[PDB]
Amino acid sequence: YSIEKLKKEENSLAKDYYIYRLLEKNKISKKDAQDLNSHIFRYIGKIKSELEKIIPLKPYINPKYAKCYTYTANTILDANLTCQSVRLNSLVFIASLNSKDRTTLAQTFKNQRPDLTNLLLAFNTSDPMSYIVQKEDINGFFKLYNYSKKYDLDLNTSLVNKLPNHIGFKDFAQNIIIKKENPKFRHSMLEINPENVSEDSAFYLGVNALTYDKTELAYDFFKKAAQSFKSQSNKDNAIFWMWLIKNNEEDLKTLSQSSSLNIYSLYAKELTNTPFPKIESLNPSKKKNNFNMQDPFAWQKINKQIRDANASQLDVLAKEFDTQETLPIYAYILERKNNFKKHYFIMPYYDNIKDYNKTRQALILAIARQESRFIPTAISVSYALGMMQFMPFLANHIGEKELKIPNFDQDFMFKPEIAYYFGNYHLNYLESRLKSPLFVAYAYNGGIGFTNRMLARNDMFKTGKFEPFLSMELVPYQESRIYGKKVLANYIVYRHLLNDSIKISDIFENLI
C-alpha cells in the first residue's frame, strides 16, 4: 500500500501501522509528510518520533501566553503578574529561581495564590516535601510527588486521610505499593480510614496492609473494595482476600456463586465442590460470507460499527457474522450483545493445533483469547500483529532468521496458521525456562527478561501465609498483573473443554 492508497482509508490503527511501515523504510518524503498527522489515528510513540525526524513539529505554546515564555529565571520579576503566575506552574522553573526571588514572589502571591506561596517558600528549604506536608497542602503534595518520587516522609493521620480526595491519589498509591518505594509514605497509608477510599484504591490499601501484616486493616480495606468495585471480576478478587484473611464461609460461598469466570470464582467453586461454570457452544452451520478476514481495514471498520451499535443493530450483525469463517467476529458481537454475561471460549482454525498435546492447545488458545479474541488482523497500539499479537521484531526473527520462510513478511502474522505456529514455537521457548503457565503468561506479555528478574527476588513467588496470591498482586506492571490472571482462567477453562482438566489448586501449588 502506497501513501496515496492509504490516505484514502479511514484513520485507524491499521492505517497507522501501514504509515509507520513506510516511515521505517524511508519511503515518506518531506512532501508526503506535510499533511500527515491529520492521517494518523493515534499520534503517539514510534510513529510520532519517526514523523518528527522528517518534520520536527515546532508547537505548542498557547498564543495568549507567548510573551510569558520569553522570560527566564533572571528576568521573571520584569514579567506582568499573569506571566509570573503561569511560569510558576512549573516546579522546575520554581527550583531554578534564586531564593531572594522566591521570597519576593511568595509575598506577591500570599493573598491571591497561597498554593504558589507554599511551593515557593518550600523550595527555600532543604526539604520542600516536609514544608508542604506541614502546611497539609494537598495540591502541592501531588505536584511535588510528580516533580520527584525521591521525597519520602511520614504522614500523620489527618494528612493521609485528605490524600484520597485528590485525583492523583489512585496512581500514587498503586505506584508506591506495587514498586515497593517510598516506605514512609507506604507505612503512613495504614492509617487511611477505609470509609475514605473505594474501588482500586481500597484494594491496593488492603495489599499494602498485608505487606505490613496488618490483617484486620487489610480485611477492612478489601471489604470496602468488594462493596464499591463496579466490575464483578474485581469484587471477586476482593472477596477472595476477605475469605483468605478472616475465613468466613459466606464470603467463599458468595464467591463460588459469581457470574464472573475468573481464577478467584473458579477456585472457590473447586473448594466447595461446585460444578464447573457453563461454557456456551457456538456451532454455526453456514460456512462463509462476504467478509475478508484477512483485510485489516475491514476489521477496523466493522469493529467501530460493532462498538457503536444499539441493541437492534447488534442483532443484524449477529446474523450476518454467524458463520464458521467469521466465528471470532460472531463471538465478539455475542459478547457485547449479552452484556458480558455468558462465557465464550471458541476454538477457531482448530485444524492448525489439533496435533499438539491438549495442554499446549489450551495455553495457545488461552493466550489468543486474551491477545486478540481470535481476530486474525488484530493490531495493537504498539503494532503487535494477528491472533497471537506478535511484535514485528520477534515475528521477523522467527520467520526470517529461525524458520527461513521464503518471502517472509511480518504481515504473515495475520494468517491463523502462522499465528498459531509461531505461538507454539515461542511458547516452547518460554515454558522450557519457566514451566508454570502463569509465568509463561507474564513473560509472553512483558518479556522473559522482566519475568526472570521478578522470580529472582526473594519476596516474589516464595513460601508464605498468603502466597502465591500476594505475589500475583505485586507484579510490578499493571498490564502484566492483569494479563496473567486472565490468561490463567482461560487456560483452566480450555483444559476443561478439551477433556484435560486440571485443578487450579495444583497450579497455585506449583507457583511457590
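Heads up, when I say rigid core I mean the largest set of C-alphas that superpose within 1.5 Å between the two forms. Quick note: we count residues from 1 along the sequence shown, nothing fancier.
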| item | value |
| --- | --- |
| Segment of greater CA departure in 8 other deposited structures of this protein, 446-454 or 52-60, core superposed | 52-60 |
| 398-406 versus 190-198 - which carries the larger mean C-alpha B factor in the record | 398-406 |
| 77-85 versus 364-372 - greater average Cα B-factor per the deposited record | 77-85 |
| Residue with maximal Cα B-factor (values as given in the PDB entry) among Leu317, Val133, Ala268, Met387 | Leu317 |
| Per the PDB entry, maximal CA B factor within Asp236, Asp351, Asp251, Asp220 | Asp351 |
| Assigned third (lowest, middle, highest) for the C-alpha B factor of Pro59 | highest |
| CA B-factor ranking of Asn357, expressed as a third of its chain | highest |
| Record-listed C-alpha B factor of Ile44: chain third | highest |
| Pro328 - Cα temperature factor, lowest/middle/highest third of chain | lowest |
| CA B-factor ranking of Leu153, expressed as a third of its chain | middle |
